[PDB]
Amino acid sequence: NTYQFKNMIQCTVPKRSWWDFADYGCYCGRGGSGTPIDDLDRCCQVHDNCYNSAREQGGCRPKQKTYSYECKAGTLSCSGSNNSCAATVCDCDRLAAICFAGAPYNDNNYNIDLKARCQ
């Protein structure tokens, strides 16, 4: 779930509050449309599509679904003890979080005017 997903982000991006990724570019946080503005915003796009692929499974809601994961040292791991849905949602978050650690953060791309920037 989200509390799990954001706990992941805290794991690989300790020097930044998750709120920083709640309204970034055209795809981070919000619903998403238009063209990404940077690698980070692109990360979020992939996370969006990942979740939409996780809905293809009966009664599978990424946002509300709970899974089992571990954040040790800076490593994320989704435990084998996961059914199909959880296993996929977790993997989605894991990849998203890791993508957040490498992508550079640009402040000019935070809380931007969507109507003018995304389309």
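Heads up: residue numbers just count along the shown sequence, starting at 1.
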item: Which of 93-101 and 15-23 has higher mean CA B factor, as the PDB entry lists it; value: 15-23
item: Segment of higher mean CA temperature factor, 42-50 or 57-65; value: 57-65
item: Given 37, 28, 73, 78, the residue at which the Cα B factor reaches its maximum; value: 73
item: Entry-reported Cα temperature factor of residue 119, expressed as the chain third it lands in; value: highest
